[PDB]
Amino acid sequence: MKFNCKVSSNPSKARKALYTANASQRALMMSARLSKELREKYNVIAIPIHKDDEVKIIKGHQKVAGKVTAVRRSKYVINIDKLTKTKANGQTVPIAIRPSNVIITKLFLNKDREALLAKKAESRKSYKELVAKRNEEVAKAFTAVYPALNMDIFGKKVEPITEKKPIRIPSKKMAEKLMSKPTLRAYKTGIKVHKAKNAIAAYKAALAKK
Amino acid sequence: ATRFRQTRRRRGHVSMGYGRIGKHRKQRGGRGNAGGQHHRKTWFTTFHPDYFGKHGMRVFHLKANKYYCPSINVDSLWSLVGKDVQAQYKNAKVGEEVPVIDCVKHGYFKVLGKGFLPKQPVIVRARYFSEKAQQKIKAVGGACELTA
Amino acid sequence: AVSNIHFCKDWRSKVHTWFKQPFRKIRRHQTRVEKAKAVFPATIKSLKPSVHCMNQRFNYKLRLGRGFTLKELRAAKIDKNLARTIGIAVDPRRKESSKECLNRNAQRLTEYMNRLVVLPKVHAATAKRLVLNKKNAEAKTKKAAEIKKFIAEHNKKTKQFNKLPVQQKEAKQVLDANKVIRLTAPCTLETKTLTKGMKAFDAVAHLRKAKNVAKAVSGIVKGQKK
RNA sequence: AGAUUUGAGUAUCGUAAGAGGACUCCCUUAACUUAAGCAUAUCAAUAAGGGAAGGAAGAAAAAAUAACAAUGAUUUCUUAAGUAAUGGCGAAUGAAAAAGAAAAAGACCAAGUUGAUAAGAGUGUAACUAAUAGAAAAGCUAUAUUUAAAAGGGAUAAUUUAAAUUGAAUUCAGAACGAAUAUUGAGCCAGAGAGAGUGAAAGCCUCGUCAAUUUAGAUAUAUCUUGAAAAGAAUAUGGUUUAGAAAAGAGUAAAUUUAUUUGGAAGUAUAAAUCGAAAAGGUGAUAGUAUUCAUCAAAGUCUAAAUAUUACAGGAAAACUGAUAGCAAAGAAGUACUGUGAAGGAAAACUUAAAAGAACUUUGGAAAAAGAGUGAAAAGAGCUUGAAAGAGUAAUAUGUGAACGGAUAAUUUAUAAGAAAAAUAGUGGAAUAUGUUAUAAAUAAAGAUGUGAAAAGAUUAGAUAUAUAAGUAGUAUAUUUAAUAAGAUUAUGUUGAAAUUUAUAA
RNA sequence: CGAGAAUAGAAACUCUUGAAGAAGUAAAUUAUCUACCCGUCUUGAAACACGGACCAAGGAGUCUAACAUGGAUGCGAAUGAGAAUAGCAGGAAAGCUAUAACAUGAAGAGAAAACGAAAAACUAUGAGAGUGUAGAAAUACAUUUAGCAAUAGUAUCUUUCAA
RNA sequence: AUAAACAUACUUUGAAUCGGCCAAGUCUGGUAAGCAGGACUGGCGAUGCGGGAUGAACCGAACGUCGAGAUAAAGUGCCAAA
RNA sequence: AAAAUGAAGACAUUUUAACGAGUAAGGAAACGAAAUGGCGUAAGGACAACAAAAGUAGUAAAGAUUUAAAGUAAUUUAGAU
RNA sequence: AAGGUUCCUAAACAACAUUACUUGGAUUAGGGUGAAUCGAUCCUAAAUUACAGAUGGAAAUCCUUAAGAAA
RNA sequence: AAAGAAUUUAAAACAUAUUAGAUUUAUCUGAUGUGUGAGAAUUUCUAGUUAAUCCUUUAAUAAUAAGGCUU
RNA sequence: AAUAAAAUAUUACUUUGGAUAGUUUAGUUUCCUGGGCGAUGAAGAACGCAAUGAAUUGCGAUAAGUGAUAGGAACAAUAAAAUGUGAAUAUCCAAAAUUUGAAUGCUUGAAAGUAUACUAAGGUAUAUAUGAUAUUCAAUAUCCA
């Protein structure tokens with residue numbers, strides 16, 4: 001849940017700021033994800049898209065890989081040389097693609113992407129070392145209470161408590177008399193249905209045994 | 001709950017339960033207590049027979065705090081200290097130590113005499129006393145104290 | 001029932017709604033906190049007297065008043081010029097109502113002055129008052145000997161003003177001093193010994209004699225001029 | 001001639017005007033309406049007209065309440081209270097002290113005093129000046145008491161404001177679709193499962209969100225330094241020799257009358273005409289005189305905080321409306337359009353994922369039509385869906401001055417009910433019934449009465465350290481030594497209801 | 001001849017039609033019977049009384065405040081204290097906690113001054129609980145006991161010129 | 001004598017209504033009126049059904065949806081069942 | 001209306017008896033033997049595949065046109081386009 | 001005066017001029033208004049409006065050379 | 001004639017005397033001082049006498065005035 | 001007695017119409033923070049400015065934009081030129097800001113204009129009321145040689 005009182009959770013206000021956003025905030029919104037080869041080289045997840053980049057469409061009718069020929073920020077789309085449609089009379093027009101359906105396979109990095117990528121790389125590392133500091137502190141407090149256990153138990157399977165200790169409370173007799181008719185009838189039908197299923201399960205097991 | 005009003009049950013009835021011969025018009029005899037002496041005189045005679053007139057002397061500025069005098073009867077005196085204390089001092093007489101009931105501390109100024117007191121001595125401290133209040137306290141073996 | 005409803009005027013422009021009420025709490029509480037952080041002595045809601053309420057309907061109750069009279073400060077040996085600087089309310093407009101009011105509110109000031117810890121005007125240890133306390137500390141010990149003695153043996157001219165309690169201590173920040181010094185001690189069940197004279201005291205006759213005496217002054221004056 | 005007074009011109013440096021007026025302070029004698037008519041009254045400090053202000057304004061430091069075991073500037077909220085009172089005593093109008101809270105803050109002129117008096121004032125600047133309320137000046141002094149070199153600079157911290165940055169986890173696999181976020185399967189994150197976008201429904205695709213970081217801006221917030229820690233200074237009650245032997249708001253308070261106003265009623269407030277004080281006096285609301293009592297000390301000024309806001313600007317929310325609704329206005333809306341003018345004042349949302357918005361042929365003067373093609377689908381631009389009223393086409397049926405409806409049948413059409421199976425006589429008993437055993441389950445206690453422990457505390461008497469000290473078991477804090485009274489909470493005995501009903505396997 | 005009663009006796013069937021469409025139901029037409037224009041004012045309208053050419057969408061007992069009765073609810077000589085306001089966790093127009101001013105009530109009468117309630121009540125009828133007998137199935141009588149609510153009437157007490 | 005226990009006695013809160021009209025082995029004013037106004041009762045208003053050809057009041061009789069019968073007012077040459 | 005039965009069946013129980021016209025008007029909700037019974041519109045809080053993937057939906061929602069079924073009725077349900 | 005591009009030309013006829021129009025004061029696009037001597041500008045008529053002054057609770061009104069160290 | 005202990009420590013109004021100053025005018029201004037005002041009787045009742053006596057004008061009375069209550 | 005042309009009825013399809021359903025860059029209300037205009041010329045009005053603009057938007061003779069600082073590769077209906085030696089885009093900054101409008105030299109009707117001084121053309125100042133200072137004066141107004 002959001003706790004910053006400055007930002008709004010109104011869907012209508014969000015769309016209005018999307019349509020009326022200027023060019024500065026439109027560039028940072030048409031980002032795309034790097035491919036595996038580029039992610040390993042730069043340790044960067046996603047960067048804003050750029051012209052003369054090479055992308056690969058992953059969602060759509062045609063999953064071709066091409067070169068970005070136009071980054072249209074007013075329409076929030078991009079253009080690829082490979083994706084074209086002939087316009088009846090013969091000329092071809094590019095087909096607009098949303099920038100979230102492609103992944104970059106070859107950067108066009110002149111001088112400012114280099115500075116950006118280095119900045120984007122250190123931010124990932126700085127957050128990783130901060131999460132590690134928190135995680136050990138959480139683990140350190142868990143050992144002080146359960147010294148025989150290790151924090152890896154939370155990632156494995158969990159064994160439920162099978163003990164079924166019952167409690168005597170002088171209201172179970174009144175339970176049927178504390179429901180309204182709409183919820184009494186549904187409760188009784190569930191009991192009747194559950195019993196019949198158990199009866200058929202019992203008869204099947206007897207047949208299987210015999 | 002607008003779904004439980006009579007309007008929802010009178011949909012389809014033309015007049016909405018107000019009559020056809022005599023409609024639901026704007027007024028039914030005037031606005032407010034109009035006609036208190038002409039056409040609604042039978043209402044004021046029947047249900048407020050002393051509404052019109054004057055009685056008593058005017059108090060130009062009434063000091064309502066001077067008439068403030070909370071009252072308690074004799075039978076209700078012991079409830080100020082409770083039955084626990086009352087039973088504790090049940091077997092006392094003159095000479096030894098007796099509980100004091102501070103009516104003023106509890107907000108009661110005048111002590112009236114109504115009902116019956118328990119047959120134990122007690123000391124009653126208050127601002128005013130009725131004649132029968134002091135008689136009933138003295139007839140049981142107690143004393144009356146003034147205050148303020 | 002005869003109806004008396006005053007809606008003939010334009011009440012719609014007279015309607016005041018309280019939609020800002022849940023935000024007055026947040027405003028006042030936050031401002032109340034902000035003052036405490038600024039100078040915590042300021043929000044202490046400076047000490048106030050213990051004065052009776054007016055009229056016989058309320059006269060047995062005590063409530064905080066505004067400001068100590070100049071006679072109560074003198075009785076408690078506090079300067080009226082220094083009183084306002086150490087969180088004491090001063091009301092020169094208050095005429096001393098009685099000796100009991102004078103004594104009761106003199107204890108309130110003395111008790112407050114014992115719990116008071118005034119910090120030095122200058123935080124440096126080289127402050128004159130701290131130095132002055134060291135210089136006359138030898139005289140305090142011999143003074144504290146004779147005072148401790150004739151107190152211990154006994155049990156008309158006094159100091160005009162006492163000393164301000166000035167020292168260096170940890171800042172235990174208390175948001176008000178009126179809730180530390182209670183107006184009235186808790187009331188227990190009072191109880192008395194029954195005497196023969198108590199049984200004989202006739203309260204009603206005393207009430208009517210007191211009333212009838214007041215209503216016979218006219219008869220005295222009327223018969224005098226004749 | 002010269003010394004003054006008064007009034008002008010010019011020059012220099014400034015100042016007011018206009019916009020806005022939601023909230024704020026005021027001026028003015030509206031009516032509709034209610035009174036079942038209406039004329040006082042009500043509507044009503046209400047509408048219109050006019051003036052003046054700020055981020056708030058107004059008010060504010062008693063010529064105030066009260067009659068008490070007394071309070072104590074102003075403001076705002078609760079209550080008093082639909083109450084006292086007012087009113088053709090009709091309709092109707094209508095407070096305040098007490099009491100409970102938010103916030104708290106007190107200072108100045110005038111007059112008086114000091115007069116080798118002080119670029120501008122001597123027809124007076126400046127300095128002092130109040131509840132022990134005969135003050136005011138110069139120098140000595142006693143006792144209590146307060147006291148770091150002020151103001152202003154520089155630095156760190158803390159609290160806030162804004163901007164910037166960062167901000168996890170399927171770029172997972174199969175099937176299918178025009179298209180995956182949906183579906184199936186296997187995982188992961190979460191102090192982040194608020195929200196938006198993406199060919200279609202996303203916690204893990206993008207942007208953000210949770211936890212954060214950095215940088216700037218302030219605080220009258222603390223620290224260190226400039227800054228020495230001294231000289232002195234300051235508060236109050238006295239004594240002392242001189243100096244002095246006061247003042248305290250005037251066309252004001254009040255009075256007669258008139259008018260408005262008020263709950264204020266033999267006059268609550270304001271104003272006008274006339275009259276007009278003081279060796280003071282005002283108030284205690286029934287007019288008058290007198291004597292006591294109580295309580296204040298008018299006729300000059302300022303003053304933060306708590307409070308209001310439907311102007312306007314920036315934000316956030318919503319059991320609000322969803323294109324005849326919601327602002328008049330979801331598009332170039334106070335727009336088109338009307339009036340000489342003041343003014344009046346609308347209508348109109350949607351193709352598709354993407355224009356890929358048919359593009360070439362034939363007919364036609366052309367507009368267009370028919371093929372052709374795009375698209376998942378013409379959804380074809382008068383473009384999501386596409387009702388009713390009104391028509392056109394096709395199929396069916398009927399008939400003499402209305403038509404339609406209902407009951408009953410006939411004709412035609414439509415809908416629509418089934419796959420098991422006899423008697424007798426060999427075997428073959430199968431669900432179930434009866435009652436016998438065993439198992440399991442469910443179902444009985446509401447209370448009554450004993451014995452303990454116990455945290456935070458409360459009281460009382462000592463000890464230690466600090467501060468202060470009134471001659472009233474000295475007070476206050478902190479740490480301990482004991483003792484008494486109760487203790488929220490809490491542990492554990494005795495007492496007291498069974499033998500039935502279902503299901504299961506023989 | 002014969003009631004009662006005791007003892008013994010006897011009831012399981014045919015035919016036709018129906019997925020080549022039974023029974024029923026619906027639509028259209030025909031035939032016999034049947035049927036005046038809806039809403040409203042009005043004693044009375046089908047009216048020569050008024051509104052209505054047709055369709056779609058919109059369209060009219062609501063909100064605030066005071067009182068009273070009544071049904072469900074908590075507490076009960078008290079109830080409320082979501083009076084303002086002050087705190088808590090969580091970040092919250094929500095939730096929780098505040099020995100508390102006051103509101104209504106516990107006492108009533110009088111214009112006001114001044115006052116301020118027991119013979120620890122009485123009478124009548126009345127709800128309920130038993131024991132016996134009998135019919136005899138339920139039930140119907142006899143008798144002992146208690147007398148609540150309600151109604152009416154009495155004393156006694158507070159206030160008022162007057163209850 | 002006859003009837004009466006879903007009898008009887010009510011209490012509280014409240015709706016609509018007080019323009020009426022008709023009949024007659026009745027009356028008053030008027031020449032009289034389908035006129036105006038009254039006493040008692042039944043109706044119409046608020047009421048459909050069967051009959052009087054038709055009709056607010058006349059006669060029989062008052063109504064959940066139906067089947068079968070005996071009927072009421074009144075009818076039995078045809079319309080029209082007899 | 002009166003008897004009988006009554007933790008959940010179900011059709012708002014079972015039996016018997018009497019009754020059912022109606023303008024103005026009234027009978028709010030809840031009340032197991034229910035102090036009238038219900039249909040529909042929109043929004044808010046819940047419930048909706050009980051074994052750890054829990055109402056329907058591109059294997060076609062809402063809407064529109066009709067054909068049939070259930071209900072005395074308000075209306076509901078389903079098929080086809 | 002009022003209108004305001006309706007003036008001229010070319011292309012073009014979906015709408016408009018109660019049929020039609022190849023026409024148009026209708027659609028589209030261009031072009032077009034030349035002053036020392038004509039007018040405005042200058043003067044005053046009926047009348048109108050300022051600073052200061054007078055009046056008014058106010059908005060504002062009066063005065064037009066009278067009231068002014070003005071003009 | 002009969003019953004009656006009365007509650008417990010921080011004090012100012014000034015009625016004043018007596019002085020230290022100043023003043024002439026309805027003359028004032030300080031300080032020293034005691035009581036006041038102080039606290040570790042009061043009620044009932046019988047017989048007189050005096051006085052007052054329908055309620056209110058809200059600090060207490062008085063004579064006028066005004067308002068209440070009944071008719 | 002006969003006709004089904006017209007008429008009527010039902011269904012399917014198409015048409016005129018824009019209901020219904022789905023939807024929202026718009027409103028309404030409450031709350032929080034501010035409440036920051038003007039002679040240094042405001043609010044308002046008018047005219048003008050884009051390569052192709054009529055409205056609208058932004059702007060003012062430096063015109064749909066200039067410089068500076070951030071910002072990092074676009075805009076597009078069609079061309080051009082510029083562009084990592086810095087395109088878009090952002091701003092409480094800098095320069096600049098036409099005619100008017102309290103409008104303020106005089107005039108102003110839809111009015112074109114025009115006077116003086118200072119620095120031909122351009123640009124500044126000159127309205128009314130008012131405070132302080134400076135300077136020049138007026139009046140025997142009071143004294144006065």
# chains A, B, ... in the order shown; residues from 1 in each chain; ligands from 1
>>> residues_around(residues="range 113-117 of chain J", least_positions_apart="5", cutoff="12 Å", atoms="only C-alpha atoms (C1' of nucleotides)", output="VMD selection string")
(chain H and resid 40 to 41) or (chain J and resid 105 to 108 124 to 126)
>>> write_last_selection(atoms="C-alpha atoms (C1' of nucleotides)", output="PDB file, in the first residue's frame")
ATOM      1  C1'   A H  40     -11.649  64.766 -41.730  1.00  0.00           C
ATOM      2  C1'   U H  41      -7.971  67.647 -39.044  1.00  0.00           C
TER       3        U H  41
ATOM      4  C1'   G J 105       1.410  66.780 -20.372  1.00  0.00           C
ATOM      5  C1'   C J 106      -3.183  68.173 -23.691  1.00  0.00           C
ATOM      6  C1'   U J 107      -6.972  65.992 -26.648  1.00  0.00           C
ATOM      7  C1'   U J 108      -9.524  61.312 -27.743  1.00  0.00           C
ATOM      8  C1'   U J 124      12.818  60.189 -21.354  1.00  0.00           C
ATOM      9  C1'   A J 125      10.033  64.103 -17.922  1.00  0.00           C
ATOM     10  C1'   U J 126       5.836  67.275 -17.249  1.00  0.00           C
TER      11        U J 126
END
>>> residues_around(residues="range 62-68 of chain D", least_positions_apart="4", cutoff="9 Å", atoms="only C-alpha atoms (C1' of nucleotides)", output="PyMOL selection string")
(chain C and resi 52-59) or (chain D and resi 72-73+97-98+281-284+294+296-298) or (chain I and resi 59)
>>> write_last_selection(atoms="C-alpha atoms (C1' of nucleotides)", output="PDB file, in the first residue's frame")
ATOM      1  CA  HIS C  52     -12.296  28.257  44.593  1.00  0.00           C
ATOM      2  CA  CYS C  53     -15.112  28.510  42.108  1.00  0.00           C
ATOM      3  CA  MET C  54     -17.638  31.312  42.409  1.00  0.00           C
ATOM      4  CA  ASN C  55     -21.195  31.106  43.773  1.00  0.00           C
ATOM      5  CA  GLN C  56     -22.543  28.779  46.459  1.00  0.00           C
ATOM      6  CA  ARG C  57     -23.428  26.151  43.847  1.00  0.00           C
ATOM      7  CA  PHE C  58     -19.713  25.521  43.222  1.00  0.00           C
ATOM      8  CA  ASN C  59     -17.932  27.101  46.195  1.00  0.00           C
TER       9      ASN C  59
ATOM     10  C1'   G D  72      -9.882  38.178  37.231  1.00  0.00           C
ATOM     11  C1'   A D  73      -7.250  40.923  29.420  1.00  0.00           C
ATOM     12  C1'   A D  97     -22.313  35.336  34.870  1.00  0.00           C
ATOM     13  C1'   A D  98     -21.140  31.020  37.089  1.00  0.00           C
ATOM     14  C1'   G D 281     -16.234  59.510  40.527  1.00  0.00           C
ATOM     15  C1'   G D 282     -18.816  54.821  37.756  1.00  0.00           C
ATOM     16  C1'   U D 283     -21.429  50.131  38.518  1.00  0.00           C
ATOM     17  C1'   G D 284     -24.551  46.434  41.864  1.00  0.00           C
ATOM     18  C1'   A D 294     -19.061  45.539  47.768  1.00  0.00           C
ATOM     19  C1'   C D 296     -13.758  49.112  39.611  1.00  0.00           C
ATOM     20  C1'   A D 297     -11.110  53.867  38.339  1.00  0.00           C
ATOM     21  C1'   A D 298     -14.062  55.889  31.916  1.00  0.00           C
TER      22        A D 298
ATOM     23  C1'   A I  59     -25.453  43.747  48.482  1.00  0.00           C
TER      24        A I  59
END
>>> select_by_dssp(residues="range 1-143 of chain B", states="strand (DSSP E or B)", output="ChimeraX atom specification")
/B:71-72,97-102,110-111,123-125,128-129,143
>>> residues_around(residues="range 53-64 of chain G", least_positions_apart="3", cutoff="8 Å", atoms="only C-alpha atoms (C1' of nucleotides)", output="list in words")
residues 385, 386 and 387 of chain D; 48, 49 and 50 of chain G; 20, 21 and 22 of chain J
>>> interface_residues(of="chain I", to="chain C", cutoff="10 Å", atoms="only C-alpha atoms (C1' of nucleotides)", output="list in words")
residues 3, 4, 5, 10, 11, 12, 42, 43, 44, 50, 51, 52, 53, 60, 61 and 62 of chain I
>>> write_last_selection(atoms="C-alpha atoms (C1' of nucleotides)", output="PDB file, in the first residue's frame")
ATOM      1  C1'   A I   3     -30.819  20.466  77.858  1.00  0.00           C
ATOM      2  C1'   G I   4     -25.585  22.802  75.420  1.00  0.00           C
ATOM      3  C1'   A I   5     -17.350  22.400  73.341  1.00  0.00           C
ATOM      4  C1'   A I  10       1.883  32.678  57.311  1.00  0.00           C
ATOM      5  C1'   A I  11      -3.729  39.022  57.862  1.00  0.00           C
ATOM      6  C1'   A I  12      -5.134  43.609  55.698  1.00  0.00           C
ATOM      7  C1'   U I  42     -26.103  28.712  71.968  1.00  0.00           C
ATOM      8  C1'   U I  43     -30.645  27.392  71.471  1.00  0.00           C
ATOM      9  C1'   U I  44     -35.667  25.732  73.356  1.00  0.00           C
ATOM     10  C1'   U I  50     -41.781  46.782  72.919  1.00  0.00           C
ATOM     11  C1'   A I  51     -41.790  46.564  67.862  1.00  0.00           C
ATOM     12  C1'   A I  52     -42.962  44.561  63.222  1.00  0.00           C
ATOM     13  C1'   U I  53     -46.577  41.587  60.406  1.00  0.00           C
ATOM     14  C1'   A I  60     -28.857  45.752  53.424  1.00  0.00           C
ATOM     15  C1'   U I  61     -32.846  48.902  55.129  1.00  0.00           C
ATOM     16  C1'   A I  62     -36.268  52.985  55.148  1.00  0.00           C
TER      17        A I  62
END
>>> interface_residues(of="chain B", to="chain E", cutoff="12 Å", atoms="only C-alpha atoms (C1' of nucleotides)", output="ChimeraX atom specification")
/B:2,5-8,10-11,14-18,20-24,54-59,69-74,76,79,110-118,128-133
>>> interface_residues(of="chain J", to="chain C", cutoff="10 Å", atoms="only C-alpha atoms (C1' of nucleotides)", output="ChimeraX atom specification")
/J:30-32
>>> interface_residues(of="chain A", to="chain J", cutoff="7 Å", atoms="only C-alpha atoms (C1' of nucleotides)", output="PyMOL selection string")
chain A and resi 16+22-24
>>> write_last_selection(atoms="N, CA and C atoms", output="compact mmCIF listing (two decimals), in the first residue's frame")
# COMPACT_ATOMS: atom_id res chain seq x y z
N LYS A 16 -4.18 11.14 -17.03
CA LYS A 16 -4.02 12.52 -17.46
C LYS A 16 -2.56 12.94 -17.47
N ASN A 22 5.53 15.90 -20.64
CA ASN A 22 6.39 16.54 -21.62
C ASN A 22 7.41 15.55 -22.16
N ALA A 23 8.28 16.03 -23.04
CA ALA A 23 9.26 15.16 -23.68
C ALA A 23 10.27 14.62 -22.68
N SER A 24 10.58 15.38 -21.63
CA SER A 24 11.58 14.94 -20.66
C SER A 24 11.15 13.65 -19.98
>>> residues_around(residues="range 76-80 of chain G", least_positions_apart="3", cutoff="9 Å", atoms="only C-alpha atoms (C1' of nucleotides)", output="JSON, numbers by chain")
{"G": [66, 67, 68, 69, 70, 71]}
>>> write_last_selection(atoms="N, CA, C and O atoms (P, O5', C5', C4', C3', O3' and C1' of nucleotides)", output="PDB file, in the first residue's frame")
ATOM      1  P     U G  66     -39.042  -8.425 -30.526  1.00  0.00           P
ATOM      2  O5'   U G  66     -39.146  -9.786 -31.332  1.00  0.00           O
ATOM      3  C5'   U G  66     -39.974 -10.828 -30.861  1.00  0.00           C
ATOM      4  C4'   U G  66     -39.456 -12.173 -31.285  1.00  0.00           C
ATOM      5  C3'   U G  66     -39.797 -13.317 -30.354  1.00  0.00           C
ATOM      6  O3'   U G  66     -41.162 -13.725 -30.378  1.00  0.00           O
ATOM      7  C1'   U G  66     -37.517 -13.410 -30.817  1.00  0.00           C
ATOM      8  P     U G  67     -41.730 -14.863 -31.354  1.00  0.00           P
ATOM      9  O5'   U G  67     -41.196 -16.223 -30.721  1.00  0.00           O
ATOM     10  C5'   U G  67     -41.142 -17.404 -31.500  1.00  0.00           C
ATOM     11  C4'   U G  67     -40.536 -18.554 -30.738  1.00  0.00           C
ATOM     12  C3'   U G  67     -41.226 -18.955 -29.449  1.00  0.00           C
ATOM     13  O3'   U G  67     -42.404 -19.712 -29.644  1.00  0.00           O
ATOM     14  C1'   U G  67     -38.905 -18.882 -29.096  1.00  0.00           C
ATOM     15  P     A G  68     -43.548 -19.692 -28.520  1.00  0.00           P
ATOM     16  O5'   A G  68     -42.936 -20.548 -27.324  1.00  0.00           O
ATOM     17  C5'   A G  68     -42.792 -21.955 -27.437  1.00  0.00           C
ATOM     18  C4'   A G  68     -41.894 -22.518 -26.363  1.00  0.00           C
ATOM     19  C3'   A G  68     -42.418 -22.467 -24.938  1.00  0.00           C
ATOM     20  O3'   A G  68     -43.323 -23.519 -24.648  1.00  0.00           O
ATOM     21  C1'   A G  68     -40.170 -21.747 -24.986  1.00  0.00           C
ATOM     22  P     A G  69     -44.334 -23.401 -23.407  1.00  0.00           P
ATOM     23  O5'   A G  69     -43.398 -23.488 -22.121  1.00  0.00           O
ATOM     24  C5'   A G  69     -42.790 -24.712 -21.738  1.00  0.00           C
ATOM     25  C4'   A G  69     -41.886 -24.531 -20.543  1.00  0.00           C
ATOM     26  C3'   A G  69     -42.542 -24.010 -19.277  1.00  0.00           C
ATOM     27  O3'   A G  69     -43.210 -25.018 -18.545  1.00  0.00           O
ATOM     28  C1'   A G  69     -40.552 -22.816 -19.673  1.00  0.00           C
ATOM     29  P     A G  70     -44.410 -24.628 -17.558  1.00  0.00           P
ATOM     30  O5'   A G  70     -43.697 -23.850 -16.370  1.00  0.00           O
ATOM     31  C5'   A G  70     -42.897 -24.538 -15.423  1.00  0.00           C
ATOM     32  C4'   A G  70     -42.476 -23.630 -14.297  1.00  0.00           C
ATOM     33  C3'   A G  70     -43.578 -22.808 -13.658  1.00  0.00           C
ATOM     34  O3'   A G  70     -44.346 -23.539 -12.725  1.00  0.00           O
ATOM     35  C1'   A G  70     -41.732 -21.420 -14.096  1.00  0.00           C
ATOM     36  P     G G  71     -45.899 -23.199 -12.525  1.00  0.00           P
ATOM     37  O5'   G G  71     -45.891 -21.767 -11.838  1.00  0.00           O
ATOM     38  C5'   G G  71     -45.339 -21.589 -10.545  1.00  0.00           C
ATOM     39  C4'   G G  71     -45.270 -20.133 -10.164  1.00  0.00           C
ATOM     40  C3'   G G  71     -46.558 -19.343 -10.273  1.00  0.00           C
ATOM     41  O3'   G G  71     -47.477 -19.606  -9.235  1.00  0.00           O
ATOM     42  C1'   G G  71     -44.806 -18.078 -11.177  1.00  0.00           C
TER      43        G G  71
END
>>> residues_around(residues="residue 86 in chain B", least_positions_apart="6", cutoff="12 Å", atoms="only C-alpha atoms (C1' of nucleotides)", output="VMD selection string")
(chain B and resid 77 to 80 92 98 to 101 117 to 122) or (chain C and resid 189)
>>> atom_distance(atom1="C1' of residue 72 in chain G", atom2="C1' of residue 406 in chain D")
17.4 Å
>>> atom_distance(atom1="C1' of residue 32 in chain E", atom2="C1' of residue 81 in chain F")
14.3 Å
>>> residues_around(residues="residue 19 in chain A", least_positions_apart="2", cutoff="10 Å", atoms="only C-alpha atoms (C1' of nucleotides)", output="PyMOL selection string")
(chain A and resi 14-17+21-22+26+74-76) or (chain J and resi 25)
>>> residues_around(residues="residue 9 in chain G", least_positions_apart="6", cutoff="12 Å", atoms="only C-alpha atoms (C1' of nucleotides)", output="list in words")
residues 185, 188 and 189 of chain A
